[PDB]
Colleague: 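I'd like to ask you about the structure that follows.
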Amino acid sequence: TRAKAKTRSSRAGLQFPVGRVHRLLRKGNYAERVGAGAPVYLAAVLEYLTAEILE
DNA sequence: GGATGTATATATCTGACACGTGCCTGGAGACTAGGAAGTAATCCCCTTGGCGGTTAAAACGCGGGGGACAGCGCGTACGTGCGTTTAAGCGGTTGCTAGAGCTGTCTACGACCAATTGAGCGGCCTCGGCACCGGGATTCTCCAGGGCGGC
């Protein structure tokens with residue numbers, strides 16, 4: 001009985017994809033392990049910088 | 001006749017070679033899975049050598065004046081030197097704490113795998129808005145009749 005799946009971006013209240021950023025961090029040869037909050041934080045920072053330049 | 005310059009020998013200092021030891025990290029051997037090489041098909045972009053026509057950019061010439069450069073004067077601000085001060089540099093005290101290193105335990109967090117499903121990509125239908133065509137309302141130019149003048 002799986003629950004209703006929701007995205008990690010909606011959990012973090014973001015528009016940038018947390019899962020895509022996590023996959024690019026895991027396959028980008030940056031470290032052996034990637035923490036859970038690191039793609040959330042990096043997606044938030046990227047979304048903020050995009051918001052500043054777009055405004 | 002006395003003391004000085006110089007040569008050879010002996011003890012000591014110092015960098016380098018080899019011996020010893022730990023240990024831990026690289027190498028040898030075996031197994032396995034998947035990354036990448038190779039193959040075939042399809043489709044679109046790039047190459048080389050041409051042609052035609054438009055047209056705006058490039059090239060050329062010439063006059064002239066603005067700006068780069070040289071020279072000169074001048075005055076000020078920086079170099080130079082000396083005497084004095086001062087603070088850097090070294091050595092030293094005295095405790096406490098931060099941090100590297102090592103060892104040990106444990107637990108939460110992230111890798112991994114299977115099933116699922118819902119967000120991303122493409123096309124299709126519809127609406128908002130812009131545009132094409134038909135019909136009604138308003139204003140401008142014109143042709144003809146009436147009256148007056150001349151022989």
Side-chain angles (χ1 to χ4, degrees), chain A residues 3-55:
Chain A
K4 181 69 176 177
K6 64 182 82 93
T7 59
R8 279 188 281 173
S9 293
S10 70
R11 278 206 168 86
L14 300 168
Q15 313 290 309
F16 266 46
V18 175
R20 182 182 296 198
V21 162
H22 194 200
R23 196 205 64 229
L24 288 177
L25 273 171
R26 277 194 271 98
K27 300 288 96 176
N29 279 311
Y30 296 117
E32 170 185 338
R33 292 140 63 88
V34 181
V40 173
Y41 200 112
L42 180 50
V45 164
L46 285 158
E47 186 200 300
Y48 165 82
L49 287 184
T50 316
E52 295 284 311
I53 295 171
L54 277 178
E55 190 209 350

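Values below: all heavy atoms of this structure, side chains included; hydrogens, waters and symmetry mates excluded. In the text below, chain A, chain B and the rest are named by the order of the sequence lines, each starting its count at 1.
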Colleague: What pair of heavy atoms forms the shortest contact from A:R8 to A:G19, and how long is it?
Modeller: NH2-CA, 3.5 Å

Colleague: Starting at atom NZ of A:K27, determine the distance to atom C1' of B:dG35, rounded to an integer number of angstrom.
Modeller: 13 Å

Colleague: Within the side chain of A:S9, is there an N or O that forms a donor-acceptor pair under 3.5 Å with the backbone of A:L14?
Modeller: no

Colleague: Without decimals, in angstroms, what is the distance between A:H22 NE2 and B:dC112 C1'?
Modeller: 12 Å

Colleague: Does the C1'-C2'-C3'-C4' torsion put B:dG50 in the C3'-endo-side north group or the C2'-endo-side south group?
Modeller: north

Colleague: Where the side chain of A:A36 is defined as all heavy atoms beyond and including C-beta, which of B:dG110, B:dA119, B:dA111 is the nearest nucleotide?
Modeller: B:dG110

Colleague: In whole angstrom, what separates A:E32's CD from B:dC109's P?
Modeller: 17 Å

Colleague: Tell me: CZ of A:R26 to P of B:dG110, nearest whole Å?
Modeller: 12 Å

Colleague: Given atom CZ of A:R20 and atom P of B:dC121, what is their separation to the nearest angstrom?
Modeller: 5 Å

Colleague: Could you state the interatomic distance from OG1 (A:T7) to CD (A:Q15), rounded to the nearest 0.5 Å?
Modeller: 9.5 Å

Colleague: Whole Å only: how far is the NZ atom of A:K6 from the P atom of B:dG118?
Modeller: 12 Å

Colleague: Could you see if A:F16 belongs to whatever hydrophobic cluster contains A:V18? Use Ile, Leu, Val, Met, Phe, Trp, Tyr and a side-chain cutoff under 4.5 Å.
Modeller: no

Colleague: Only Watson-Crick and G-U wobble pairs, only distances under 3.5 Å, only runs of 3 or more: what stems does that leave for DNA chain B?
Modeller: none

Colleague: Which whole-number value in Å describes the distance from A:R33 CZ to B:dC112 P?
Modeller: 10 Å

Colleague: Give the nucleotide from the list B:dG110, B:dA119, B:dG118 with an atom nearest to the side chain of A:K4.
Modeller: B:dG118

Colleague: B:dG110 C1' sits how many Å from A:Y30 OH, rounded?
Modeller: 19 Å

Colleague: Would you indicate whether A:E32, at its atom CD, is surrounded by more than 12 heavy atoms from other residues, nucleotides or ligands within a distance under 6.0 Å?
Modeller: no

Colleague: Rounded to the nearest 0.5 Å, what's the gap from CG on A:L46 to OH on A:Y41? Could you check?
Modeller: 12.0 Å

